[PDB]
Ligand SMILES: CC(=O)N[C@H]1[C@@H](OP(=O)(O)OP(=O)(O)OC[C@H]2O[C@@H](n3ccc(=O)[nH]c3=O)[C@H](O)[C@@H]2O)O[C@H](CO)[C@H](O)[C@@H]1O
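Only one chain comes next, encoded as structure tokens, the form deposited without this ligand.
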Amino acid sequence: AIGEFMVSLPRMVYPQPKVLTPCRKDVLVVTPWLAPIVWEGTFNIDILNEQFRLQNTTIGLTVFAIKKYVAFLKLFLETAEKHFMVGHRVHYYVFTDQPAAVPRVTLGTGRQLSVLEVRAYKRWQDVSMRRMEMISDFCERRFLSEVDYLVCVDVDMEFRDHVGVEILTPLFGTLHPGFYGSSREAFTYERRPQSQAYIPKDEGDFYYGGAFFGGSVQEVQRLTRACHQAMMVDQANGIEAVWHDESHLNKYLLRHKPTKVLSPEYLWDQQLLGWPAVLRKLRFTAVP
């Protein structure tokens, strides 16, 4: 559950927070709208695990694996079992054109997987829209009744370190690893006014990655519905956003600010970007 009556935390012994010492001296740890930006050193995972366990939290993880991308599922799921929400209830939802190609991965207690078949659409326009469309429709089919939070990620990735309840909040986006140090004018937002995803050069907080977003089921249903509807308007107008659903996600999060932002620890590519000093942990990484 979310936001229900909650019992007291138990007694816990941990280091006192230091009011006159910044938790990081090298990065921004809160947005200008007072959403935490989640980096290593900002959180005590023992306090957060207590808060979320006492609420009996269930986390849904959605992933799409189409055509040759089914090959990535084995490593994705095996590493999620080691690093993603361990100790909490998890429901994996694997959307695929090939149910028989989903690997038989052994799951920990309290963790389950459902395979959901996707239609093999002939038109690339419908394929482009599919993730937002399908995530929004499965909010009613399953997610509202089954999970408290949804996490929506790309499959061609692996977990290497802890990804846990520190990310959970009504709505979150993740700093794209290509742009976290960039000026807004360099962000690859959609720049043509004819598109619903358009953002002018003087607007924008961050460049969020389409490969990792999520929130409560209600807020993810709103985001995905809005992005799907915006993509259909663009298609009717004969325009395709420069980075497809990621451009629409960025427009949505500019206009509807997220309640947490995840650092690039949560969405990284070591082949392209190495391991900079500012990343103390590489948690979820591209497969080369």
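One-based numbering along the sequence shown. Take the two forms, find the largest set of C-alpha atoms that superpose within 1.5 Å, and that set is the rigid core.
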| item | value |
| --- | --- |
| Mean C-alpha B-factor comparison - 98 to 106 and 202 to 210, higher one | 98 to 106 |
| Segment of higher mean CA temperature factor, 215 to 223 or 236 to 244 | 236 to 244 |
| Residue, from 174, 125, 79, 114, that the PDB entry assigns the highest Cα B-factor | 125 |
| Highest recorded Cα temperature factor - choice among 263, 49, 56, 62 | 56 |
| Among modelled residues of the same chain, the CA temperature factor third for residue 160 | middle |
| Residue 184 by Cα B-factor - lowest, middle or highest third of the modelled chain | highest |
| CA B-factor ranking of residue 13, expressed as a third of its chain | highest |
| Chain thirds of CA B-factor: placement of residue 72 | middle |
| Among modelled residues of the same chain, the CA temperature factor third for residue 170 | lowest |
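The following text describes the form solved in complex with this ligand, which does not appear among the structures shown.
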item: is_contact(residue 61, this ligand) in the entry with it bound, heavy atom dist at most 4.5 Å; value: no
item: Partner proximity in the entry with it bound: residue 27 to this ligand, non-hydrogen atom cutoff 4.5 Å; value: no
item: 4.5 angstroms heavy atom contact with this ligand in the entry with it bound for residue 54; value: no
item: Non-hydrogen atom contact residue 66 with this ligand in the entry with it bound at 4.5 angstroms; value: yes
item: The unique member of 127, 113, 75, 102 whose heavy atoms fall within 4.5 Å of this ligand in the entry with it bound; value: 127
item: Of 133, 148, 166, 154, the one that lies within 4.5 Å of this ligand in the entry with it bound (heavy atoms); value: 154
item: Option from 83 to 91, 139 to 147, 196 to 204, 154 to 162 whose residues, in the entry with it bound, bring a heavy atom within 4.5 Å of this ligand; value: 154 to 162
item: Heavy atom within 4.5 Å of this ligand in the entry with it bound - qualifying residues of 227 to 264; value: 243
item: Entry of 129, 139, 163, 147 that shows, once the rigid core is matched between the shown form and the other one, a C-alpha shift of 2 Å or more; value: 129
item: Residue shift check between the shown form and the other one, rigid core fit, residue 186 Cα at least 2 Å; value: no
item: Change in CA distance between residue 128 and residue 153 in the entry with it bound, which is 3 Å or more, as closer or farther; value: closer
